[PDB]
Number of protein chains: 2
Amino acid sequence: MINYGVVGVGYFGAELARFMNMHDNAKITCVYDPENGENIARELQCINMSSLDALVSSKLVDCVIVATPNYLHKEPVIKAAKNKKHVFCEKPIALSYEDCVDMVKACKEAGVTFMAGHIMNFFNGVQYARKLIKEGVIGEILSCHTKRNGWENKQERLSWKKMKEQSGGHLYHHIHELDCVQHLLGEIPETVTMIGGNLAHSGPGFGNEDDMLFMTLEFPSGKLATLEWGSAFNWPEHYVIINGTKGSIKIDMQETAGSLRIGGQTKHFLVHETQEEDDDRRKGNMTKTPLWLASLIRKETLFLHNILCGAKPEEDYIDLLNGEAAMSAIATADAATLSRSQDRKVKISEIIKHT
Amino acid sequence: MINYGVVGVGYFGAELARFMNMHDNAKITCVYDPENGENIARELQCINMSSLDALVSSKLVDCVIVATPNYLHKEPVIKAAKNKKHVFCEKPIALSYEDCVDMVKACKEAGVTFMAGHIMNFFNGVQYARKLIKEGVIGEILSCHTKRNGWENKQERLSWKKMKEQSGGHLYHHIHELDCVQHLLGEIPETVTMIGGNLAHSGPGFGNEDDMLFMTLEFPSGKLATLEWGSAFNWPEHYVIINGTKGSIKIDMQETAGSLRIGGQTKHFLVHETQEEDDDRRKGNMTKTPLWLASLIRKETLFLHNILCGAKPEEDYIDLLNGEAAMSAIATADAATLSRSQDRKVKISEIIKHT
Ligand SMILES: NC(=O)c1ccc[n+]([C@@H]2O[C@H](COP(=O)([O-])OP(=O)(O)OC[C@H]3O[C@@H](n4cnc5c(N)ncnc54)[C@H](O)[C@@H]3O)[C@@H](O)[C@H]2O)c1
Ligand SMILES: NC(=O)c1ccc[n+]([C@@H]2O[C@H](COP(=O)([O-])OP(=O)(O)OC[C@H]3O[C@@H](n4cnc5c(N)ncnc54)[C@H](O)[C@@H]3O)[C@@H](O)[C@H]2O)c1
């Protein structure tokens, strides 16, 4: 029923392909990947296409899954749209707002579905927190806060992930937390500030990205947010906190657990699908796709496949299909990048209104 | 040997008096406080003076202890210096850099001691962290981070503490954490940004201060810091974290404990003088002067008294006597206040060059 071609079958694209193939009436018919396509095509018993054009124009393809490096997402999406193929694109959708808007527009004009692969929206704990927030259990929302802070040792080989021009750095490569804040609040920030530096990953054998980033967001409703990322933190933390007038929620990914705190009493909830998934994630942080992420890939590919088969998306995920989550995440990231580069606070209008 | 007059004997000034009277050759001879001076002077068996001038000009006074509301510190210090009296002043020293400089200059010109009451420098765990940092055990320092975040309910009577013009809000009233970052790094920031809002403490019966503040500091050495405060947080945290290349330190005041994390392993140390003091502080946070603070008042008053009796100050505390801790804390606070008021990042030069 739905045939898929995968552009980029490295670590994550190969997993997307394996999990998609598990769904009834879904089939990976081909891949395009100069370095890894031969091996993956043999594993999947599909065709290793000799060029991007051969894949996106193939009659064997109904939907193109894009899982190339972050700076290489645009051409596969634009060419898929030109060939009237549906598109799933991994995060970050692109490394500039102009590129992201061009991608959304191309799919809109071609009349094809375009899904942004913002997988954190599918976390059990994120869905649940959103419902608690919406129902009013923590009152009016006042602020959100994220951290994604750890220590990365020098690596034997330097990969594209550490090069700002290829990955976008922590902000774009780990854009999940920023998209999550905007998803939970349902607003885009009017003013964006970001400070950062390369404090311990500068010199031979290292990339050129900042290894600490400290962002502050101000929203038109008056709500506020802070977001931190980096790879130079010997005090590790990884969380989203939502503060309301009646209580607060923490989605802790490091010491994996959700907490709902009301009247100084705390109730536990799951981040992932089961306590086993949360416990495994926590054990691994203390200590090659982990269980929690495998389950999410299965769920996200199933969502995509069901949409292409005609299902109506639940309201939680509509912004993944209309371009709004992608454009809003990249817009704020672009504003933060400008703020860091130009040593100033940035109005989101500078990004959204530039052209 | 040393006679003290206390201007402002409310909660904290009365405690300063009681603890100072415990030291050999120290005596509180008088107080000035229209509302509470009668009661406290009876308790302390001393004179309740009828005016500030009568206290600062009294032959019964060698040193004036200033513990009035935050906006009422300047005149007692200026007049003490005019009368050649030594001065101890509670934090925040003043609510503007101009006032702080005037106070430091007046005492210098009069040849009297001026001590800034930045009591957090006396915490056992702060002293210990300074020694760990200096010896090199966490490597090169990269960043610092503070939070002082809790929930304050609507109070029966609205006090000066909640009025920005009287307390200076969280930043000045709880300036300890900012002074601590500057003390631990031994540097002042080049650029200061602060965002904030009054998210849940606006309207009849409430003050006019922001109830959330989010500050970012950039130091010319490349070091970075974030600092948060507020009274609208239903996820409470209170800590200082120092991140270095070899390890990190957390001084957690809420779940009261010091942590030194190196090579993935954490070693505990005390925040306060004894495990009893840390245990009791932690137990009280789950739920009038607590043990940890009583010990600090005893220690800080003993330090002042010993200095006035001729002792050489420990290197850790010299900046409480040469004006530097007071001026540097207030300069950064003024820069942050300007950043919040004018919606922009502020260079410290804008503040400190204005003399
Ligand atoms: N949503 C998630 O949880 C998640 C997790 C990991 C990675 N990702 C995303 O997946 C994408 C790929 O990341 P990864 O970890 O698999 O990286 P990877 O380096 O393991 O794989 C990238 C693949 O792209 C191939 N490639 C390079 N240039 C190509 C080109 N012009 N055309 C076709 N293929 C090309 C490479 O040969 C390689 O196989 C990124 O966008 C990344 O952010 C998402
Ligand atoms: N270092 C610390 O740990 C710590 C702790 C608490 C308070 N403080 C500081 O101590 C100072 C006082 O705070 P507090 O908690 O005692 O407040 P408080 O409101 O309990 O006491 C203030 C006192 O000042 C009196 N006063 C008002 N105007 C006066 C005036 N013109 N002249 C003389 N007295 C006047 C008031 O009558 C009252 O007794 C503040 O600067 C505050 O920031 C420091």
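Values below: every heavy atom of this structure, side chains too, minus hydrogens, waters and symmetry copies. Chain A is the first sequence line, chain B the second, and so forth, proteins listed ahead of strands; every chain is numbered from 1. Counting starts at 1 for both ligands and their atoms, in listed order.
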Nearest-0.5 Å distance that lies between atom CG in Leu178(A) and atom OG1 in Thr146(A): 8.0 Å

Polar side chain donor-acceptor pair, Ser50(B) to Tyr32(B), under 3.5 angstrom: no

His272(B) and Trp292(B) aromatic ring geometry - parallel, tilted or perpendicular at 30°/60° bounds: parallel

Aromatic contact, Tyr317(B) with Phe122(B) (centres under 6.0 Å): yes

Which atom pairs, nitrogen or oxygen on both sides, join ligand 1 and the protein at under 3.5 angstrom?
{"unit_1": "ligand 1", "atom_1": "1 (N)", "unit_2": "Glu90(A)", "atom_2": "OE1", "d": "2.9"}
{"unit_1": "ligand 1", "atom_1": "16 (O)", "unit_2": "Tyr11(A)", "atom_2": "N", "d": "3.3"}
{"unit_1": "ligand 1", "atom_1": "16 (O)", "unit_2": "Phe12(A)", "atom_2": "N", "d": "2.7"}
{"unit_1": "ligand 1", "atom_1": "19 (O)", "unit_2": "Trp160(A)", "atom_2": "NE1", "d": "2.9"}
{"unit_1": "ligand 1", "atom_1": "20 (O)", "unit_2": "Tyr11(A)", "atom_2": "N", "d": "3.0"}
{"unit_1": "ligand 1", "atom_1": "37 (O)", "unit_2": "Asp33(A)", "atom_2": "OD1", "d": "2.7"}
{"unit_1": "ligand 1", "atom_1": "39 (O)", "unit_2": "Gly10(A)", "atom_2": "N", "d": "3.2"}
{"unit_1": "ligand 1", "atom_1": "39 (O)", "unit_2": "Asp33(A)", "atom_2": "OD1", "d": "3.4"}
{"unit_1": "ligand 1", "atom_1": "39 (O)", "unit_2": "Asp33(A)", "atom_2": "OD2", "d": "2.6"}
{"unit_1": "ligand 1", "atom_1": "39 (O)", "unit_2": "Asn36(A)", "atom_2": "ND2", "d": "2.9"}
{"unit_1": "ligand 1", "atom_1": "41 (O)", "unit_2": "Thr68(A)", "atom_2": "O", "d": "3.2"}
{"unit_1": "ligand 1", "atom_1": "41 (O)", "unit_2": "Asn70(A)", "atom_2": "OD1", "d": "2.9"}
{"unit_1": "ligand 1", "atom_1": "41 (O)", "unit_2": "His73(A)", "atom_2": "NE2", "d": "2.9"}
{"unit_1": "ligand 1", "atom_1": "41 (O)", "unit_2": "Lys91(A)", "atom_2": "O", "d": "3.0"}
{"unit_1": "ligand 1", "atom_1": "43 (O)", "unit_2": "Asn70(A)", "atom_2": "OD1", "d": "2.9"}
{"unit_1": "ligand 1", "atom_1": "43 (O)", "unit_2": "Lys91(A)", "atom_2": "O", "d": "2.9"}
{"unit_1": "ligand 1", "atom_1": "43 (O)", "unit_2": "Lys91(A)", "atom_2": "NZ", "d": "2.9"}

Ring centroid separation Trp229(B) to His173(B) under 6.0 Å: no

Partner residues of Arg298(A) under the side chain to side chain contact (heavy atoms under 4.5 Å, CB included) criterion, sequence neighbours left out: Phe19(A), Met22(A), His23(A)

